[PDB]
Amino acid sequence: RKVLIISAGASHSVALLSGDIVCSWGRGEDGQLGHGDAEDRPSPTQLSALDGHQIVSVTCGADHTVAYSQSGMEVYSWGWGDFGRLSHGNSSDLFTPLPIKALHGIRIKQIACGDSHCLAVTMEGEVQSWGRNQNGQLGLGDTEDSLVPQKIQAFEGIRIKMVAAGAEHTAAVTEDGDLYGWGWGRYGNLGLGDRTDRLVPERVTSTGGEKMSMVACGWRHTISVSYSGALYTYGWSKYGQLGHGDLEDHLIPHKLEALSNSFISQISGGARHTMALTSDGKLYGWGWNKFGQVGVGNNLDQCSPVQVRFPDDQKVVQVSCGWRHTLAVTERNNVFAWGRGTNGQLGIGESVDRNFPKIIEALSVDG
């Protein structure tokens, strides 16, 4: 079957396959795999509770997972409840997928989760957020938790295209190309030219004169792409995750000039590493590589983008960063994984680390 979506969290991985099949693997201790038990799974395992629910999207937070169905009009979540903050009014452990009843019937465009908060964008450009709000990451104007989703009123009259969630911060781009940041901002990762937290979304004005089409977040860094395919990074670079060939912080978006010859079509942020996919199918990685998660065949941090290589230079069509691992799908409908593997999150079966892409036989044609 075709792999439609891949997503990765702290220590787990999830995929959506053609034919409405959800597959999860890796660490299971807090229910994030959704199979009704707490066991790790070192190979992709079908999430049977969602059979026939016509799931169209899946995404991972740190130890939490969310999925939604268009036809069912339903959003589901499971995994770590963060002491009530992410279990949307349920006192149960979520070891199997549970509907978020406040989101039923809402037409969902996108869901993003960070460590302790999630956001949903509706087809009309509205944003609803829920979870922990200690640093304003929900965008609601205070630091009060919201177990039940609530609309970000700061965006009234502004159609949001996509959102991204880091550890304790949040970013968004509008349909018109404006870029926003809110939440924890001490490393400059909001892009606002300072180190202050924001309790409501604030517009990033130093965008190189460009409109932005996409944003992604890691722990303490943020990545955006402009309409011309230029890539920008800002925030923490202690591990090279901003990619500018040094370890300098940036408090406003900084164009990654080494990629200027390429048009970036997709981006992903890990905890302390970064992935960018060009329109040509070339995948570039940089940042923290202690566990091999950049994919360049060693365990040394990479402060400049390096091309990740696949057999016969088959093109990459999708990439997703977890905290310490990375997943990618290719044009041959192969799925590769690399990085930290000790809880099974590479899905290769033997729960070991890899510093170079390795094929997931269970999801791949050349498997």
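We number the residues from 1 along the sequence you see.
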query	finding
Mean C-alpha temperature factor, higher of 320-328 and 306-314	306-314
Residue range whose averaged C-alpha B-factor is higher in the record, 6-14 or 346-354	346-354
Candidate set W80, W219, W286, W130 [ranked by C-alpha B-factor, highest]	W219
Identity of residue with top Cα B-factor, from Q241, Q293, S260, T170	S260
For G52, the third of its chain into which the C-alpha B factor falls	highest
Where the record places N333 (Cα B-factor, split into thirds across the chain)	highest
Chain third (lowest, middle, highest) by recorded CA B-factor, residue given as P97	middle
Assigned third (lowest, middle, highest) for the C-alpha B factor of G269	lowest
Cα B factor band for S69 (lowest, middle or highest third within the chain)	middle
